[PDB]
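In structure tokens, one chain follows: the form deposited without this ligand.
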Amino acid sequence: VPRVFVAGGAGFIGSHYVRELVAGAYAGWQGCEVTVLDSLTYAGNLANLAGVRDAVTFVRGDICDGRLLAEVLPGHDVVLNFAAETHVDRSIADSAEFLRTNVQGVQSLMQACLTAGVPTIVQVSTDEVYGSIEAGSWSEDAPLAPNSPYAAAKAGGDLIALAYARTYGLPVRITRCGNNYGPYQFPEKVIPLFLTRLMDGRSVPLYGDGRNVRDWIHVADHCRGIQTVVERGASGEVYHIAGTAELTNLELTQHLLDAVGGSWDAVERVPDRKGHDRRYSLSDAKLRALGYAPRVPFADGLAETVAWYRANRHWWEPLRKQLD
């Protein structure tokens, strides 16, 4: 049976990928052996994997730890890197750890994959590496122009992975996607922040003029796109996975308030968040040609996410208290 190595698999998107793979949602990949490597930062959460606890081998570790990777990687058919620092606001406060994990950690992992001979490697990345597009969508040929330290670090990781592909023939593919939402997302991100604060009768933030535009995709659709790349993608190539809803932050705010029954009286207007980041939008014609298609309409996925947080306070309440 195929043996899959998932770095960052105790976080939001990584744990979803693991739970889907272990549940048999990807036809063919049944009863796979699965190894999760995760350093369990503030964002790592083992409860995300509790339902597959006895199906997965968990190794606590840092993707920068080349010695540990050398022991653990060999024998795995597939490496997927979900390990990253991912909160833009944190990258604004101090970017040092973003460069360490999202650039140096990528080099460390790619070098360890080269030496261990892993045949399929997927580096998971973000549409924010491209910077703002006022009309239309970026294809995979688009120039990098990140605005935030988080996005510049993701971009730096992508560039070194592709240099390894071009220099050493490393069989790595890159995926890029817009903003994810869904169950088990750490409640510092905008959608779970809103839901959890509103369910507690507390305030929620609206940053700036609200006119920034983002693409929103349910985590299950992102992971299906990733699995498509695993099965049908080519070494050294980038693959976009595009949203199913494009929204200004004002529109997003209204949708979230409606979905939970909140009031605009709960919305704290907060000043500028720093950047040149008006609109991000990808074209995924390239991957849809390989057979990927999103299935989750935004309104249905949002409703399921609201119901999930409403029903799983025991999962998010300790996290809300830790954020304060």
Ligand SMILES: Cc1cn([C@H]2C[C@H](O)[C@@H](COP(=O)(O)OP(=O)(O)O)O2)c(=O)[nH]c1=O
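When you see a residue number, it is the position in the sequence shown, counting from 1.
Between 37-45 and 265-273, it is 265-273 that carries the larger average Cα temperature factor according to the deposited entry. Of the two stretches examined, 145-153 and 108-116, the record assigns the greater average C-alpha temperature factor to 108-116. Reading the B-factor column for the CA atoms of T167, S95, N180, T175 in the entry, the top value corresponds to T167. Comparing the C-alpha B-factors of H87, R197, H222, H76 in the entry, the top value falls on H76. When the CA B factors of the chain's modelled residues are split into thirds, the value for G24 lands in the highest one. Sorting the modelled residues of the chain by their CA temperature factor places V260 in the middle third. Ranked within its chain, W216 lands in the lowest third, by CA B factor from the PDB record.
Ranked by C-alpha B-factor against the other modelled residues of its chain, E128 falls in the lowest third.
Per the deposited record, the Cα B-factor of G210 falls in the middle third when ranked against the other modelled residues of its chain.
The following text describes the form solved in complex with this ligand, which does not appear among the structures shown.
Out of the listed residues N249, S139, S203, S95, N249 is the one that sits within 4.5 Å of this ligand in the deposited complex by at least one heavy atom. Among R67, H276, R53, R269, the residue placing a heavy atom within 4.5 Å of this ligand in the deposited complex is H276. Residues of just one listed stretch (139-147, 162-170, 81-89, 227-235) have heavy atoms within 4.5 Å of this ligand in the deposited complex: 81-89. At least one heavy atom of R214 is located within 4.5 Å of this ligand in the deposited complex. Looking at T120, you'd find every heavy atom of it more than 4.5 angstroms from this ligand in the deposited complex. When contacts are judged by a 4.5 Å heavy atom cut-off, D221 does not count as touching this ligand in the deposited complex. Interface residue remark: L193 is counted as part of the site for this ligand in the deposited complex, having a heavy atom within 4.5 Å. The three marked residues, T244, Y292 and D300, fail to reach this ligand in the deposited complex, with no heavy atom of any inside 4.5 Å. Taking a 4.5 Å heavy atom cutoff to this ligand in the deposited complex, the contacting residues in 166-191 are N179, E188, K189, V190.
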